Ligand SMILES: CNC(=O)c1c(-c2ccc(F)cc2)oc2cc(N(C)S(C)(=O)=O)c(-c3ccc4c(n3)-c3cc5c(F)cccc5n3CO4)cc12
């Protein structure tokens, strides 16, 4: 019952891999301690192979099926549509992996005869054959990190044409079903502001609250054949088209339950009998399965009035405290129940009695005050990885503009404001590329964002508060200042002076650039300005952004 089977054929790269941090003329103005930033190469694969390969034992009790019965009752109310070849195509990222059958993401998007005809052929094959496994490619992910070295994380994905077909059958399912099944617990519906709003309102809803995060070790590898089959039965509860029922049935048996692994060179690396990293249903499946096992463990553990938040594999449980000795006991029962459902933790879960001490998705809640002195809750994180990736992106132009994702995800934070905005606007001005749109991958999907749109984007994701925050927690300020010392990043005082300049430079540019100057760098001035909401913000079409998450989803959005 192993998560993976292997042959001995190595996981081979598709290109040349740079491990050591590239050095520009701009590099030293951001990060001086270069020997601390590295990128994971395919050389590291053999170590992840070991970690992600283990046997899984599942013991399903009455709490599991009781919760499943309920999830299916909600699922039965969902009606989902079969996406047109044209709709799924228009949802393909432009720099998505090409097909082995002579067409690319650009071909797919422009609706080329060659591309359209193959998608039609793969779809037909899906409807006629429900048993032949579908091949997948195994790739080592080249991600940037800081010291104190991780091995290369792995991505399993099917051919371009299968990804278009997954979208036709399940894009509407993954979009509408999880909120119906999980309610306010489906994390992927919330904008960062909506999420902080949810946790606080939830933390407050409890007379005496206790919360904890639960992180399963290699969650993808803990997902079993029953788990994947159980998810299919949730999808099949929807009112679907017969063509969608068959295609979902086919994709499950032939791709989702598992299949063979192949490298870039095309050698059989082995077999997968667990969750694929690069399938549409990764984010959605992991959310439903994590919620199902967690909900059932709460019952098992007898946790009092538990509200939870599920985001893929990241889980947070906020419940009514029964007492410190009781909560800590209840927690070990939760872990024991979880373990039985084949989802044990990496490090054990700790009960927390302060919302600001729970960490999930590498983030935690913090406080600052808006212009009028009012306490404002925002999500923050340790700036170490965002800053090390920003240093990598200072010298190398990447398909993922980590820093732009970071600015969009963490606009109200001290560090995103003072360092990421300041540094990258300085670069954009120098290169005259403020108006040049950038594809940026955020925790799944790909977004085409024009930097000039950051003020209006931020206002709709965080509010005007983000441009007015001050009086940050000392704990936050110290986490940031220690990180800057660790990485050799100039002190925050240096960034306020540079920001005054970038601000002045943006204002002298007029229009949208001056709107970027006025709003993003208003913290830098002593003689502040009282900001108003931006007219263009309400006119931005953010439909389909936060309806759901799409891990290996291969989903694209534009403005
Ligand atoms: C179960 N755990 C949680 O729900 C999260 C917790 C938490 C839970 C309990 C706690 F006590 C303390 C923290 O913090 C999170 C931070 C998160 N960010 C990284 S952020 C600050 O919102 O941008 C996310 C998250 C996950 C997936 C996403 C996004 N965000 C996200 C933002 C985003 C965007 F701004 C534009 C476009 C796409 C976007 N996505 C697409 O996918 C989830 C969580």
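One-based numbering along the chain as shown.
Determined by X-ray crystallography, 2.8 Å, according to the entry header.
Quick reminder: no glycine exception, Cβ is built from N, Cα and C everywhere.
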* Given that Swiss-Prot lists 313, 314 as binding Mg(2+) 2, which residue among 215, 227, 239, 382 does it place in the same site? -> 215
* Structure fact -> Rounded Cα distance in angstrom between residue 313 (Mg(2+) 2 binding site) and residue 42 (phosphoserine) is 24
* Asked: Under DSSP, is residue 29 (phosphoserine) helix, strand or coil?
  -> helix
* **Between residue 42 (phosphoserine) and residue 215 (Mg(2+) 2 binding site), the C-alpha gap once rounded to whole angstrom** => 26
* Structure fact -> Taking all protein chains shown into account, the Cβ-based neighbour count within 10 Å for residue 215 (Mg(2+) 2 binding site) is 17
* Between residue 148 and residue 149 there are 5 residues with no coordinates; how far apart are their CA atoms in Å? -> 7
